[PDB]
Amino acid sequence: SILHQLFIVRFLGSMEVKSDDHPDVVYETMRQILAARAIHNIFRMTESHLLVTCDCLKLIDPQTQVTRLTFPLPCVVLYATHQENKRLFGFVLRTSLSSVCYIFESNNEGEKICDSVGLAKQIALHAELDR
């Protein structure tokens, strides 16, 4: 068995954040981004397919199938959907110090995405501990 799950997502925005350690960073970033977009009359959104593997997270263009961005799973230090709106998903990418929080919208699959990532990290950890 292998992990290869695709989810439709739409990118909302990103912000550099402090290298903290709590899910609140995501929630606070989701709010500040949604606020900035609306205050400045922004409605547009880029739709992609988020692919989750035990090695990374990738954002793919639906029709062309071209990978626009790839994030090493071990650098995805925080990720969460909003408890009050499972349509929202976000994660923090920490490079080896420096952190950026990415916010997305999904077709009500916020929880599914997080479970997928968690499971992906478990598979990667298994491989790490195995001979």
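We number the residues from 1 along the sequence you see.
- Coordinates are absent for 4 to 9 residues of the deposited sequence placed between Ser96 and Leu97.
- As listed in the deposited structure, the average C-alpha B-factor of 61-69 and of 45-53 is greater for 61-69.
- In this entry, the higher average B-factor at the C-alpha atoms falls on 78-86, of the pair 28-36 and 78-86.
- Among the modelled residues of its chain, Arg10 has a C-alpha B-factor that falls in the lowest third, as given in the PDB entry.
- Ranked within its chain, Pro23 lands in the highest third, by CA B factor from the PDB record.
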